[PDB]
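Note sheet for the following structure.
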Amino acid sequence: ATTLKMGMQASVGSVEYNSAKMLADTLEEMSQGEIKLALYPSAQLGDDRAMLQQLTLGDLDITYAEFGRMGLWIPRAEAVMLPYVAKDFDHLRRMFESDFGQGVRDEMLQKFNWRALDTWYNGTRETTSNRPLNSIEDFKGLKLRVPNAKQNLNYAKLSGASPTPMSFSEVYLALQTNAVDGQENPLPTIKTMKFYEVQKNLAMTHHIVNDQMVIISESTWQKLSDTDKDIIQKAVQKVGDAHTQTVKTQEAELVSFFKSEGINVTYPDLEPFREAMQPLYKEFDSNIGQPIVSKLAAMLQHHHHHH
Ligand SMILES: [Co+2]
């Protein structure tokens with residue numbers, strides 16, 4: 001009997017939690033009850049940084065972490081979270097699977113005892129506002145609320161908007177009174193926070209593409225049998241396929257929902273946004289001493305291929 005422990009920030013009822021339960025059920029089935037998964041939701045074991053440390057120490061078996069979040073530990077990995085580098089999740093997954101991604105994953109394993117098993121799509125951030133954003137030119141004068149995060153700030157600044165720091169629980173009222181003109185977040189968050197009640201427009205800016213890696217402690221991995229390793233890897237990939245499709249499906253449902261609420265949904269040309277980020281890309285590559293971002297942004301050879 002092997003009961004793995006999996007920690008996550010997400011709450012019961014969330015997509016992330018539902019996928020973890022699907023993983024538990026899939027492991028049970030595939031192992032005829034030999035592999036179990038116990039779930040520790042709602043950051044009860046700490047935030048992602050804390051749970052990742054538990055993996056390093058061998059005290060927790062599995063957790064979620066974003067590929068770009070590895071930039072905190074492995075500086076070059078931040079390249080994947082610069083705005084507009086990843087065109088979409090497929091592109092991000094290609095980065096994960098590339099020689100670049102393999103190198104980052106090897107370092108995660110060697111230094112921190114993190115074995116990345118898979119990357120799962122977890123949504124794309126989009127931009128709401130009190131006036132239509134038909135193109136990058138419309139960002140001029142836009143008081144755009146972003147979280148206190150470097151890359152979100154760069155998105156706001158380089159698009160030509162006026163970045164406007166502000167506490168998340170205050171945003172609804174700031175949008176309502178036009179103290180701030182817009183904000184940027186994933187579609188489910190926009191729904192949950194009812195930002196659509198106080199924002200007449202939504203722009204499909206696709207500026208930040210999110211994922212979640214599934215990481216297992218190398219301490220745990222090395223105790224598993226060869227066959228159990230394969231079962232876990234394949235269980236994670238199966239659940240990953242389901243998770244990614246669920247997130248994609250829910251995003252399309254959310255766009256339709258917002259339209260049904262009377263929201264004006266725009267699809268601005270994104271090439272000018274990518275062009276506007278070039279200062280940032282060149283700075284990143286210059287500082288790190290390798291053409292990391294330019295290579296990743298252009299890594300489109302297998303884009304949308306069936307593998
Ligand atoms: Co291909």
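Please note that chains go A, B, ... in the order of the structure tokens, that every chain numbers its residues from 1, and that ligands are numbered from 1 in the order shown.
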Within 8 Å of ligand 1, counting only C-alpha atoms and all ligand atoms, which protein or nucleic acid residues do you find, written as a JSON list (two decimals) with C-alpha atoms, in the first residue's frame?
```
[["chain", "number", "residue", "atom", "x", "y", "z"],
["A", 301, "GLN", "CA", 8.37, 24.58, -35.52],
["A", 302, "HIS", "CA", 5.92, 22.18, -33.84],
["A", 303, "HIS", "CA", 3.15, 24.67, -33.06],
["A", 304, "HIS", "CA", -0.24, 22.87, -32.95],
["A", 305, "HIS", "CA", 1.25, 19.58, -34.15],
["A", 306, "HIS", "CA", -0.47, 16.34, -33.14],
["A", 307, "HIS", "CA", 2.31, 15.26, -30.74]]
```
Given only C-alpha atoms, how would the per-residue table for stretch 209-281 of chain A near stretch 68-73 of chain A read, listing every residue at most 12 Å away with its closest atom pair and distance in Å to one decimal, sorted by chain and number, as a Markdown table?
```
| residue | atom | partner | partner_atom | distance |
| --- | --- | --- | --- | --- |
| A:209 | CA | A:68 | CA | 10.1 |
| A:210 | CA | A:68 | CA | 8.6 |
| A:211 | CA | A:68 | CA | 8.6 |
| A:212 | CA | A:68 | CA | 9.5 |
| A:213 | CA | A:68 | CA | 9.8 |
| A:215 | CA | A:70 | CA | 11.6 |
```
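Residue neighbourhood of residue A:171, excluding near-sequence residues (fewer than 3 positions): residues 145, 166, 167, 168, 174, 175, 176, 180, 183 and 195 of chain A, at 9 Å, using only C-alpha atoms.
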Pull N, CA and C atoms from the residues just selected and write them as a PDB file, in the first residue's frame.
```pdb
ATOM      1  N   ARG A 145      -5.408  48.315 -13.865  1.00  0.00           N
ATOM      2  CA  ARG A 145      -5.040  47.653 -12.623  1.00  0.00           C
ATOM      3  C   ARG A 145      -4.374  46.313 -12.904  1.00  0.00           C
ATOM      4  N   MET A 166      -3.204  48.170  -7.052  1.00  0.00           N
ATOM      5  CA  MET A 166      -4.392  48.250  -6.202  1.00  0.00           C
ATOM      6  C   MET A 166      -4.782  46.902  -5.609  1.00  0.00           C
ATOM      7  N   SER A 167      -5.221  46.917  -4.346  1.00  0.00           N
ATOM      8  CA  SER A 167      -5.618  45.709  -3.621  1.00  0.00           C
ATOM      9  C   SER A 167      -6.804  45.037  -4.273  1.00  0.00           C
ATOM     10  N   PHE A 168      -6.707  43.722  -4.394  1.00  0.00           N
ATOM     11  CA  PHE A 168      -7.656  42.931  -5.155  1.00  0.00           C
ATOM     12  C   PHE A 168      -9.095  43.105  -4.675  1.00  0.00           C
ATOM     13  N   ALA A 174     -13.376  50.209  -7.374  1.00  0.00           N
ATOM     14  CA  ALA A 174     -12.549  51.093  -8.210  1.00  0.00           C
ATOM     15  C   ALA A 174     -12.971  51.075  -9.690  1.00  0.00           C
ATOM     16  N   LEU A 175     -13.328  49.891 -10.180  1.00  0.00           N
ATOM     17  CA  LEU A 175     -13.871  49.759 -11.535  1.00  0.00           C
ATOM     18  C   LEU A 175     -15.251  50.412 -11.618  1.00  0.00           C
ATOM     19  N   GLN A 176     -16.074  50.201 -10.594  1.00  0.00           N
ATOM     20  CA  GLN A 176     -17.447  50.714 -10.577  1.00  0.00           C
ATOM     21  C   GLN A 176     -17.496  52.231 -10.667  1.00  0.00           C
ATOM     22  N   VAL A 180     -10.326  53.272 -11.626  1.00  0.00           N
ATOM     23  CA  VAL A 180      -9.470  52.507 -12.515  1.00  0.00           C
ATOM     24  C   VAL A 180     -10.326  52.185 -13.752  1.00  0.00           C
ATOM     25  N   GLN A 183      -8.829  46.104 -15.783  1.00  0.00           N
ATOM     26  CA  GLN A 183      -8.016  45.156 -15.032  1.00  0.00           C
ATOM     27  C   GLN A 183      -7.722  43.969 -15.946  1.00  0.00           C
ATOM     28  N   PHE A 195     -16.461  41.121 -11.925  1.00  0.00           N
ATOM     29  CA  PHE A 195     -15.900  42.294 -12.600  1.00  0.00           C
ATOM     30  C   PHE A 195     -16.675  42.670 -13.874  1.00  0.00           C
TER      31      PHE A 195
END
```
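Each of A:34, A:251, A:126, A:285 was compared to residue A:2 using only C-alpha atoms, and A:34 turns out to be the nearest.
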I'd like to know which residues of stretch 25-260 of chain A are strand (DSSP E) (by DSSP, run on the backbone); could you write them as a PyMOL selection string? chain A and resi 35-40+62-65+114-129+143-145+162-163+182-186+201-217
Using DSSP on the backbone coordinates, identify the residues of stretch 53-224 of chain A assigned to alpha helix (DSSP H); present them as a PyMOL selection string. chain A and resi 53-57+89-97+99-112+150-159+171-176+187-192+218-221
Return the single residue from A:156, A:86, A:39, A:133 that is closest to residue A:203, with distances computed using only C-alpha atoms. A:133
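Residues in contact with residue A:205 at 7 Å, where only C-alpha atoms are counted and same-chain residues fewer than 3 positions away are skipped, are listed as residues 126, 127, 268 and 270 of chain A.
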Using only C-alpha atoms, find the one residue out of A:89, A:155, A:267, A:221 that sits nearest to residue A:55. A:221
Across A:138, A:88, A:106, A:197, the smallest distance to residue A:266, with only C-alpha atoms counted, is shown by A:138
Would you mind listing what lies within 9 Å of residue A:84 as a JSON list (two decimals) with N, CA, C and O atoms, in the first residue's frame, with only C-alpha atoms counted and same-chain residues fewer than 5 positions away left out?
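Once everything was written out, this is out-v3.json:
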```json
[["chain", "number", "residue", "atom", "x", "y", "z"],
["A", 155, "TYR", "N", 3.57, 44.28, -18.80],
["A", 155, "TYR", "CA", 2.47, 44.23, -19.77],
["A", 155, "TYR", "C", 1.74, 45.57, -19.83],
["A", 155, "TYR", "O", 1.58, 46.13, -20.91],
["A", 206, "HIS", "N", -4.66, 37.91, -24.52],
["A", 206, "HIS", "CA", -3.83, 36.70, -24.43],
["A", 206, "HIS", "C", -2.37, 36.99, -24.02],
["A", 206, "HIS", "O", -1.44, 36.45, -24.59],
["A", 207, "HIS", "N", -2.20, 37.84, -23.02],
["A", 207, "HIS", "CA", -0.89, 38.41, -22.74],
["A", 207, "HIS", "C", -0.03, 37.53, -21.85],
["A", 207, "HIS", "O", 1.21, 37.59, -21.95],
["A", 208, "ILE", "N", -0.68, 36.71, -21.02],
["A", 208, "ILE", "CA", 0.00, 35.77, -20.11],
["A", 208, "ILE", "C", -0.74, 34.45, -20.13],
["A", 208, "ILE", "O", -1.90, 34.41, -19.82],
["A", 209, "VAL", "N", -0.04, 33.39, -20.52],
["A", 209, "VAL", "CA", -0.61, 32.04, -20.62],
["A", 209, "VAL", "C", -0.12, 31.27, -19.40],
["A", 209, "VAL", "O", 1.10, 31.20, -19.18],
["A", 270, "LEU", "N", -2.68, 41.11, -32.12],
["A", 270, "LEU", "CA", -1.66, 40.93, -31.10],
["A", 270, "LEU", "C", -0.21, 41.16, -31.54],
["A", 270, "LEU", "O", 0.65, 41.35, -30.68],
["A", 273, "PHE", "N", 1.38, 44.13, -29.96],
["A", 273, "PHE", "CA", 1.71, 43.89, -28.56],
["A", 273, "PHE", "C", 3.03, 43.13, -28.45],
["A", 273, "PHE", "O", 3.86, 43.45, -27.62],
["A", 274, "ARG", "N", 3.21, 42.12, -29.28],
["A", 274, "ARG", "CA", 4.46, 41.37, -29.30],
["A", 274, "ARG", "C", 5.64, 42.29, -29.65],
["A", 274, "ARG", "O", 6.67, 42.25, -28.99],
["A", 277, "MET", "N", 6.80, 44.43, -26.79],
["A", 277, "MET", "CA", 7.53, 43.75, -25.73],
["A", 277, "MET", "C", 9.02, 43.61, -26.03],
["A", 277, "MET", "O", 9.79, 43.29, -25.12],
["A", 297, "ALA", "N", 10.41, 32.63, -28.05],
["A", 297, "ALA", "CA", 9.31, 33.32, -28.75],
["A", 297, "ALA", "C", 9.17, 32.83, -30.19],
["A", 297, "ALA", "O", 8.05, 32.79, -30.73]]
```
A:199, A:217, A:159, A:124 ranked by distance to residue A:111, top pick (using only C-alpha atoms):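 Using only C-alpha atoms, the shortest distance to residue A:111 belongs to A:217.
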Show me, as a VMD selection string, the residues that have an atom within 9 Å of stretch 113-121 of chain A when counting only C-alpha atoms, minus same-chain residues fewer than 2 positions from it. chain A and resid 52 55 to 58 66 to 67 89 to 90 92 to 93 96 105 to 111 123 to 124 209 to 219 221 232 to 233 236 to 237 239 to 241 243 to 245 247 to 248
Suppose we keep N, CA and C atoms; can you now write the selection as a short mmCIF file (atom, residue, chain, number, x, y, z; two decimals), in the first residue's frame?
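Produced file out00.cif, reproduced below:
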```cif
data_model
loop_
_atom_site.label_atom_id
_atom_site.label_comp_id
_atom_site.auth_asym_id
_atom_site.auth_seq_id
_atom_site.Cartn_x
_atom_site.Cartn_y
_atom_site.Cartn_z
N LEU A 52 6.52 23.31 -2.09
CA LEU A 52 7.69 22.88 -2.86
C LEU A 52 8.87 22.55 -1.95
N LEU A 55 8.41 19.15 -0.65
CA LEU A 55 8.88 18.15 -1.62
C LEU A 55 10.38 17.96 -1.56
N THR A 56 11.12 19.05 -1.43
CA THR A 56 12.58 18.99 -1.34
C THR A 56 13.00 18.19 -0.11
N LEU A 57 12.28 18.40 0.99
CA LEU A 57 12.53 17.69 2.25
C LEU A 57 11.97 16.26 2.30
N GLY A 58 11.11 15.90 1.35
CA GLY A 58 10.56 14.55 1.25
C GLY A 58 9.34 14.33 2.13
N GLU A 66 3.79 26.43 -11.24
CA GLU A 66 3.88 26.98 -12.59
C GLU A 66 5.31 26.91 -13.12
N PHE A 67 5.45 26.59 -14.40
CA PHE A 67 6.76 26.54 -15.07
C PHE A 67 7.54 27.86 -14.88
N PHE A 89 -1.16 27.85 -25.03
CA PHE A 89 -0.66 26.76 -24.19
C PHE A 89 0.18 25.78 -24.99
N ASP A 90 -0.21 25.50 -26.22
CA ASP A 90 0.57 24.56 -27.04
C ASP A 90 2.03 25.01 -27.12
N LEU A 92 3.62 27.05 -25.01
CA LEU A 92 4.19 26.87 -23.68
C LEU A 92 4.62 25.41 -23.42
N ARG A 93 3.78 24.46 -23.79
CA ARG A 93 4.09 23.05 -23.66
C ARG A 93 5.31 22.70 -24.50
N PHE A 96 8.29 23.70 -22.51
CA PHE A 96 8.49 22.71 -21.47
C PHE A 96 9.22 21.47 -21.97
N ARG A 105 14.23 21.47 -16.14
CA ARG A 105 13.71 20.31 -15.39
C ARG A 105 14.82 19.47 -14.76
N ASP A 106 15.91 19.30 -15.48
CA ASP A 106 17.09 18.62 -14.93
C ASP A 106 17.66 19.34 -13.69
N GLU A 107 17.73 20.67 -13.75
CA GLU A 107 18.21 21.49 -12.65
C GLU A 107 17.25 21.45 -11.45
N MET A 108 15.96 21.52 -11.71
CA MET A 108 14.96 21.35 -10.66
C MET A 108 15.16 20.05 -9.90
N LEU A 109 15.46 18.99 -10.64
CA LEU A 109 15.64 17.67 -10.06
C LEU A 109 16.95 17.60 -9.26
N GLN A 110 18.04 18.05 -9.87
CA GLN A 110 19.37 17.97 -9.26
C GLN A 110 19.51 18.83 -8.01
N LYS A 111 19.04 20.07 -8.06
CA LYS A 111 19.17 20.99 -6.94
C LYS A 111 18.10 20.79 -5.89
N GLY A 123 -5.17 28.34 -17.97
CA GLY A 123 -5.89 29.56 -18.35
C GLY A 123 -4.99 30.63 -18.92
N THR A 124 -5.60 31.60 -19.59
CA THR A 124 -4.90 32.74 -20.14
C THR A 124 -5.51 34.02 -19.54
N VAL A 209 -0.04 33.39 -20.52
CA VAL A 209 -0.61 32.04 -20.62
C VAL A 209 -0.12 31.27 -19.40
N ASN A 210 -1.04 30.72 -18.62
CA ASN A 210 -0.71 29.99 -17.40
C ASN A 210 -0.75 28.47 -17.56
N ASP A 211 0.07 27.81 -16.75
CA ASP A 211 0.09 26.35 -16.66
C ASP A 211 0.20 25.94 -15.20
N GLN A 212 0.11 24.65 -14.99
CA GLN A 212 0.49 24.08 -13.72
C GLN A 212 1.28 22.83 -14.04
N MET A 213 2.51 22.77 -13.55
CA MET A 213 3.26 21.53 -13.59
C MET A 213 2.85 20.67 -12.43
N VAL A 214 2.89 19.37 -12.65
CA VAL A 214 2.71 18.43 -11.58
C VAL A 214 4.10 17.92 -11.23
N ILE A 215 4.48 18.17 -9.98
CA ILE A 215 5.80 17.81 -9.50
C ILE A 215 5.69 16.75 -8.42
N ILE A 216 6.60 15.77 -8.49
CA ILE A 216 6.72 14.74 -7.48
C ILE A 216 8.11 14.81 -6.88
N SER A 217 8.19 14.58 -5.56
CA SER A 217 9.46 14.55 -4.84
C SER A 217 10.31 13.41 -5.37
N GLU A 218 11.56 13.70 -5.64
CA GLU A 218 12.46 12.66 -6.13
C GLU A 218 12.69 11.56 -5.06
N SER A 219 12.60 11.93 -3.79
CA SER A 219 12.70 10.98 -2.67
C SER A 219 11.61 9.92 -2.76
N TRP A 221 9.77 9.32 -5.61
CA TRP A 221 9.91 8.67 -6.90
C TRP A 221 10.84 7.46 -6.82
N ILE A 232 2.01 6.09 -12.50
CA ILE A 232 1.90 7.48 -12.06
C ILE A 232 2.10 8.47 -13.21
N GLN A 233 3.16 8.29 -14.00
CA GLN A 233 3.41 9.14 -15.16
C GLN A 233 2.21 9.17 -16.11
N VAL A 236 -0.96 10.85 -14.66
CA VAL A 236 -0.81 12.29 -14.65
C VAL A 236 -1.09 12.86 -16.04
N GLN A 237 -0.57 12.21 -17.07
CA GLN A 237 -0.79 12.62 -18.47
C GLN A 237 -2.27 12.51 -18.87
N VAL A 239 -4.93 12.60 -16.80
CA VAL A 239 -5.64 13.64 -16.05
C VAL A 239 -5.31 15.03 -16.64
N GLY A 240 -4.06 15.21 -17.07
CA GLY A 240 -3.59 16.44 -17.70
C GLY A 240 -4.36 16.76 -18.97
N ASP A 241 -4.60 15.74 -19.80
CA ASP A 241 -5.38 15.91 -21.04
C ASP A 241 -6.79 16.41 -20.68
N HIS A 243 -7.79 17.92 -17.82
CA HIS A 243 -7.68 19.21 -17.17
C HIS A 243 -7.55 20.33 -18.21
N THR A 244 -6.60 20.15 -19.11
CA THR A 244 -6.38 21.11 -20.18
C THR A 244 -7.68 21.34 -21.00
N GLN A 245 -8.38 20.26 -21.37
CA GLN A 245 -9.63 20.41 -22.12
C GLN A 245 -10.71 21.10 -21.28
N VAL A 247 -10.29 23.31 -18.88
CA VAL A 247 -9.97 24.74 -18.82
C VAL A 247 -10.33 25.45 -20.15
N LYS A 248 -9.96 24.84 -21.27
CA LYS A 248 -10.30 25.37 -22.60
C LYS A 248 -11.80 25.50 -22.83
#
```
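The interatomic distance for the pair atom CA of residue A:147 and atom CA of residue A:189 works out to 13.1 Å.
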Which polymer residues have any atom within 10 Å of an atom of residue A:258, counting only C-alpha atoms, with same-chain residues fewer than 3 positions away left out, as number ranges by chain? A: 187, 190-191, 196-197, 200-202, 253-255, 261-265
What separation in Å, quoted to one decimal, exists between atom CA of residue A:229 and atom CA of residue A:54?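 Taking atom CA of residue A:229 as the start and atom CA of residue A:54 as the end point, the length is 20.3 Å.
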So, with only C-alpha atoms as the atoms that count, which of A:228, A:278, A:13, A:103 lies closest to residue A:1?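 For residue A:1, the nearest of the given residues is A:228.
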Can you tell me how far atom CA of residue A:226 sits from atom CA of residue A:31, in Å to one decimal?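 One can read the atom CA of residue A:226 to atom CA of residue A:31 distance as 12.7 Å.
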